[PDB]
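First comes one chain, alone, set out as structure tokens in the form deposited in one PDB entry.
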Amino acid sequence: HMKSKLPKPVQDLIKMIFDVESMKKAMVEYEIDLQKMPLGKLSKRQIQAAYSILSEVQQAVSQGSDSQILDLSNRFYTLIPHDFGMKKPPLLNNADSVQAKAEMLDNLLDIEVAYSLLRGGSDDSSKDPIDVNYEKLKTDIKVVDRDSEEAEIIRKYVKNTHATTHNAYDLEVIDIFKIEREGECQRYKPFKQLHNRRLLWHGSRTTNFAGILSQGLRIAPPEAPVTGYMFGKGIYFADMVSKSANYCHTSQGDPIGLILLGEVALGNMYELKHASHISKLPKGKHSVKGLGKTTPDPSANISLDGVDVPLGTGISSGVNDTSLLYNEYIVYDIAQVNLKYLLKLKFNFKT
């Protein structure tokens, strides 16, 4: 083949996110049986069907015994086979179970998209498969220069917003990519001048990034249980890098992760202290802010291409009886997110 004239970092990005073995590895981490539910046998309607049964489990848990729950729990395991052998699998009878499986299904939707792109489209031996897979993302990915202004700001945002309670690792920025999804700037146009636009973090496991770069950050579908997510079905961001970096789910066995920086149009924020499982905001509100006990210093905010970057060091917010140690930002319209950068991070685990 031609050998590919993209930068080496962009080639390694494409290798990482289209890695089939990482997709398999992600599935067994959620206790899925690859023999009964292999990667190729995944589909949207079966994930959607499992979402609906989980919504039924949600309903039973909220209204109260193990007798009726058993049938709903077994229906779920029928749709998504789990690795338990000749089993009697664990009962899905609480909010934690709903949250845990809601997380699994989110990942399986994004894993399905990555695999469908891979096994879809054309096959040409003369082209480098790195270039072929790059084109499937519909996203212009450029390496950001390390001497540039935007690179310094991004490194400082990483450097200043690593929380003390997440100190079991630290982060090395390996690569900084400037990203532009096709048609997203067009989709963002109604929100481009809205007040309270902030550059915020979104972390996810590497196996979801083919989906995120192809489709954008999406909201969980109608079938998904709203009670599976703390502030319901939206797109969640943080202003602390380590809070988002935790959701990469890296480890000593897999220490390289990927994290996004997105321009999020927050507008009038519906500020909340505890769980509120909602599908729509109250009239007038553009987003939810989960109020953190700790927040970046407001006086240290810096502008990057018109957008605020809350890169101040963590200080006390003066918010008392809150569920959250750090800030949390949720939008419920996909059009309010314009993805700006993608960082490849090395996690150095001190423990």
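Heads up: residue numbers just count along the shown sequence, starting at 1. Here the rigid core means the biggest group of C-alpha atoms that line up within 1.5 Å when the two forms are laid on top of each other.
K.L.:
Of 164-172 and 118-126, which one has the bigger average CA B-factor?
P.N.:
That would be 118-126.
K.L.:
Would you determine, from the values in the PDB entry, which of 285-293 and 55-63 has the greater average C-alpha temperature factor?
P.N.:
Higher mean C-alpha B-factor: 55-63.
K.L.:
Compare the CA B factors listed in the entry for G262, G232, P222, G85 and report the winner.
P.N.:
Reading the PDB entry, the winner on C-alpha B-factor is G85.
K.L.:
Quiz for you: based on the deposited Cα B-factor, which of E271, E112, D239, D145 is highest?
P.N.:
Answer, based on the entry's C-alpha B-factors: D145.
K.L.:
Sorting the chain's CA B-factors, does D106 end up in the lowest, middle or highest third?
P.N.:
Lowest third - that is where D106 ends up once the chain's C-alpha B-factors are sorted.
K.L.:
How does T139 rank on Cα B-factor within its chain, lowest, middle or highest third?
P.N.:
Middle third.
K.L.:
Can you work out whether the C-alpha temperature factor of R205 puts it in the lowest, middle or highest third of the chain?
P.N.:
As the PDB entry reports it, the C-alpha B-factor of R205 lands in the lowest third of its chain.
K.L.:
Per the entry's values, where does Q215 land by CA temperature factor relative to the rest of its chain, in the lowest, middle or highest third?
P.N.:
For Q215, whose C-alpha B-factor we compare with every modelled residue in the chain, the answer is the middle third.
K.L.:
Can you work out whether the C-alpha temperature factor of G267 puts it in the lowest, middle or highest third of the chain?
P.N.:
Lowest third of the chain for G267's C-alpha B-factor.
Beyond the structure shown, there is the form deposited in another entry, which is absent from this document and is the topic of what follows.
K.L.:
With the two forms aligned on their rigid core, point out which item of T206, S97, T161, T250 shifts its C-alpha by 2 Å or more between this form and the one not shown.
P.N.:
That would be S97.
K.L.:
So with the core overlaid, does the Cα of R75 end up 2 Å or more away between this form and the one not shown?
P.N.:
After core superposition, the displacement of the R75 C-alpha between this form and the one not shown reaches the 2 Å mark, so yes.
K.L.:
For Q59, is the C-alpha shift between this form and the one not shown 2 Å or more after core superposition?
P.N.:
Shift of 2 Å or more: yes.
K.L.:
If we fit on the core, is the Cα of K142 displaced 2 Å or more between this form and the one not shown?
P.N.:
No.
K.L.:
Given a change of 3 Å or more, say if the Cα atoms of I330 and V98 sit closer or farther in the other entry than in this form.
P.N.:
Farther: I330 and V98 separate by 3 Å or more in the other entry.
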